[PDB]
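Here is the structure we will look at, set down as structure tokens.
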Amino acid sequence: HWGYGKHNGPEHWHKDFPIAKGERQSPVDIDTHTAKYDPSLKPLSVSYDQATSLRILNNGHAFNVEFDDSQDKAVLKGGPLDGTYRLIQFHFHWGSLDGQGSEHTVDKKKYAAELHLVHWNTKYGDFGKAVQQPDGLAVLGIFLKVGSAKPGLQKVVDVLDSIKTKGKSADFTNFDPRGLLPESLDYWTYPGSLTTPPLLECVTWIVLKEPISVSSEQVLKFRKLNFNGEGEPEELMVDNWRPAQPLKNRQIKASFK
Ligand SMILES: O=C(O)Sc1ccc(O)cc1O
Ligand SMILES: Oc1ccc(S)c(O)c1
Ligand SMILES: [Zn+2]
């Protein structure tokens with residue numbers, strides 16, 4: 001099946017997922033000089049005070065932190081969105097080296113990693129229905145650069161030891177995702193897709209302008225995870241990012257001038 005190596009990586013995905021060559025694929029490079037400032041855009045509203053985290057999982061292509069999404073506890077509203085989007089999970093993409101790892105780029109600049117906070121439009125009742133709709137998902141993308149440590153990230157990095165291989169999970173309660181946000185919520189937004197198979201074109205991307213800083217030791221622990229299951233040859237979980245895709249007939253909009 002699919003992954004990120006030479007024989008099953010992104011340049012091969014289109015044979016099983018033909019939408020990979022679709023018209024609204026992600027990620028993309030954000031050219032900051034051709035993005036359109038849009039005064040019509042509202043500030044984002046992040047209400048994460050009642051988030052209920054459940055579990056952290058190694059799924060063979062990243063680690064996911066999963067939330068209880070049976071009620072409007074942790075929601076995203078405003079910005080370019082219509083309606084209420086519930087948080088269901090977050091994950092990261094990262095590199096083998098600090099000079100690469102993000103999926104979106106900014107004027108061709110790569111960051112060391114990218115955080116994806118995945119939300120689905122409550123109007124469609126569950127996540128499974130939402131991914132079949134052009135306005136079904138809203139994904140907050142946040143860049144990570146290497147510098148000072150991020151206190152709110154350390155609880156995540158401390159548990160990675162326990163989910164090193166594919167299929168492992170651990171209880172992960174009382175984690176507050178507010179500690180992963182930058183100070184400013186200025187953003188770029190464009191319509192796009194999941195960046196992993198099945199690559200569905202159901203995502204409103206909201207990419208924050210301001211990165212968060214993490215220390216080298218924090219992202220080093222990310223790179224110790226494994227793509228393989230226990231009892232298999234070890235393949236380190238690194239470079240789980242898809243390269244930038246042709247923007248084609250879209251305009252990236254900015255919430256700031
Ligand atoms: O995060 C996931 O992807 S796992 C999950 C599945 C369904 C659900 O309603 C809530 C979840 O957190
Ligand atoms: O549900 C999702 C899985 C992976 C990725 S990159 C998403 O953006 C959503
Ligand atoms: Zn992602």
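Just so it is clear, the values below take in all heavy atoms, side chains as well, and ignore hydrogens, waters and symmetry mates. Counting begins at 1 with the first residue of the sequence. Start at 1 and go down the list; that is how both ligands and their atoms are numbered.
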Hey, does the side chain of [X] reach the backbone of [Y] with a donor-acceptor pair shorter than 3.5 angstrom?
X    : Y    : answer
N226 : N228 : no
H119 : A138 : yes
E235 : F227 : no

Atom indices of ligand 2 within 4.0 angstrom of [X] heavy atoms, with elements:
X    : value
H116 : 6 (S)
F127 : 1 (O)
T196 : 4 (C)
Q89  : 1 (O), 2 (C), 3 (C)

Quiz item: In terms of the angle between their ring planes, are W13 and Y4 parallel, tilted or perpendicular, with boundaries placed at 30° and 60°?
Solution: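 Because their plane-to-plane angle is over 60°, the rings of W13 and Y4 count as perpendicular.
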
Quiz prompt | Sequence-distant partners of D72, salt bridge (charged side-chain N to carboxylate O under 4.0 Å, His left out), two or more places apart | solution =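 With neighbours one apart ignored, the set is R86.
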
Quiz prompt | Whether over 12 other heavy atoms sit under 6.0 Å from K73 NZ | solution =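 Counting other residues, nucleotides and ligands, NZ of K73 exceeds 12 neighbours.
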
Quiz prompt | Whichever hydrophobic residues join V203 through chains of side-chain contacts under 4.5 Å | solution =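 Same cluster as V203: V28, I30, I88, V106, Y111, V118, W120, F127, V131, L137, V139, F143, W188, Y190, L194, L200, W205, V207, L247, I252, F256.
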
Quiz prompt | Polar protein atoms (N, O or S) that approach the Zn ion (ligand 3) to under 2.8 Å | solution =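 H91 NE2, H93 NE2, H116 ND1, with waters left out.
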
Quiz prompt | Flag for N249-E23: side-chain donor and acceptor within less than 3.5 Å | solution =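 Judged by distance alone, the side chains do not pair up.
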
Practice problem: Verify whether one side chain among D135 and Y85 offers a donor that lies under 3.5 Å from an acceptor in the other. | Solution: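 Per modelled atom types, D135 and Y85 side chains form no pair under 3.5 Å.
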
Quiz item: What is the closest protein heavy atom to atom 6 (S) of ligand 2, and at what distance does it sit?
Solution: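 Ranked first by proximity to atom 6 (S) of ligand 2 is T195 OG1, 3.0 Å.
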
Exercise. Identify, for atom 7 (C) of ligand 2, the protein heavy atom at the shortest distance, and state residue, atom and that distance.
Key: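 Ranking protein heavy atoms by distance from atom 7 (C) of ligand 2, first comes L194 CD2, 3.7 Å.
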
Quiz prompt | Cluster overlap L57 with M237, hydrophobic side-chain contacts below 4.5 Å | solution =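 No, it is not one cluster - the side chains of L57 and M237 are not joined through contacts under 4.5 Å.
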
Quiz item: Got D16 and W2 here, is their nearest side-chain heavy-atom distance under 4.5 Å?
Solution: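 Of all side-chain heavy-atom pairs linking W2 with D16, none is under 4.5 Å.
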
Quiz prompt | Side chains of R242 and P27 in contact at under 4.5 Å (non-hydrogen atoms) | solution =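 Heavy-atom side-chain distance check passes, below 4.5 Å.
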
Quiz item: Any chance the rings of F222 and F63 have centres within less than 6.0 Å?
Solution: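 For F222 and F63, the ring centres are under 6.0 Å apart.
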
Quiz prompt | ligand 2-proximal atoms of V118, by part, heavy-atom distance under 4.0 Å | solution =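 Side chain only; the backbone of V118 stays clear of ligand 2.
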
Exercise. With heavy atoms only and a cut-off of under 4.0 Å, state how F92 meets ligand 2: side chain, backbone, both or neither.
Key: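 For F92, there is no contact with ligand 2 at all, from either part.
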
Exercise. At a heavy-atom distance under 4.0 Å, which protein residues reach ligand 1? Sort them by chain and number, would you?
Key: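 For ligand 1, the contacting residues are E66, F67, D69, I88, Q89.
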
